[PDB]
């Protein structure tokens, strides 16, 4: 019997061909939609629907109270980071709620300290708890999701993550998750892929997770690797219901941290929560910077405008119809020309 063409005799050892955002484009289709008439609302969890399908990352250079307030007023939501004392994180929940009863989420870990943290966040009025781990396919993480749903599931929605396979998504569904968050390795500041050699390209990861979550009516959050407004449309077309953003929002005025004027240009700090500086395990993130991008409200306008364009091109009046759109796969020659190919750019572009 002949060998597998990539080696050995086991045809499942190399189990899939993984695609990322840069591997695909959305195909145009018959349309009665123009960008102005599209409806961008979508489910975050079983019980919570957002006007704009975007949430901010649970990172100490992205989301504290100011970012959470701005995201909710823009039609989305923030998830408050957990690298601070319990009493401080609960106090930031209260600040958001005192600003008009806006929606807000907060991250917790696994264990006894995470349990006390969760209970205080619920008492402060949080709307969504996010069980926030690098590898949710573990009975200890699944147990935390189920116990929270048992104790406080009548008062708050419970998200679990992160996963990158169909079987891991199915395990979170069976544990009672109200939404499943997808992304192992794709983040802009991530080094898991080179430190551990572990990961999963995000378009294939979303397609596989959706195959378990959609038949059960559980929404999927696409978390990490989004670099452009067009990546939001690709993630939702693959079947996700919302997208979580770190790098694209870290440059805004509302993100924590001070402006950095260096060599006449302006930047802000952005770092992984598994970086050496955040942990103070071998590190699995870097510490860096991103260009300054101005007010959050202006960034969200550009991002939703790109999503609305995609809905016009694909004939999608709602996000539920966008989830039925088709892709074409592209080669390396097709990608390299999508970044403005061969024209000395002379003026600024907002998107």
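Between two forms, the rigid core is the largest collection of C-alphas that superpose within 1.5 Å. Residue numbers count along the first chain shown, from 1.
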> Core-superposed in 8 other deposited structures of this protein, which stretch deviates more in Cα positions, 255 to 263 or 77 to 85?
Replying inline: 255 to 263
>> With respect to the deposited sequence, is there a break between residue 280 and residue 281 in this entry, and if so is it 1 to 3, 4 to 9, or 10 or more residues, or none at all?
In response: 10 or more
> Given the B-factors recorded for C-alpha atoms, which segment has the greater mean, 23 to 31 or 298 to 306?
Replying inline: 298 to 306
>> Averaging CA B factors per stretch from the PDB record, which one is higher: 259 to 267 or 95 to 103?
In response: 259 to 267
> Looking at 134, 148, 210, 194, which has the highest CA B-factor as recorded?
Replying inline: 148
>> Quiz for you: based on the deposited Cα B-factor, which of 53, 288, 312, 285 is highest?
In response: 288
> With respect to C-alpha B-factor, does residue 123 fall in the lowest, middle or highest third of the chain as deposited?
Replying inline: highest
>> For the chain shown, is the CA B-factor of residue 343 in the lowest, middle or highest third of its modelled residues?
In response: highest
> Looking at the C-alpha B-factor of residue 89, is it in the lowest, middle or highest third of its chain?
Replying inline: middle
>> Per the entry's values, where does residue 234 land by CA temperature factor relative to the rest of its chain, in the lowest, middle or highest third?
In response: lowest
> Which third of the chain holds residue 187 when residues are ordered by C-alpha B factor: lowest, middle or highest?
Replying inline: middle
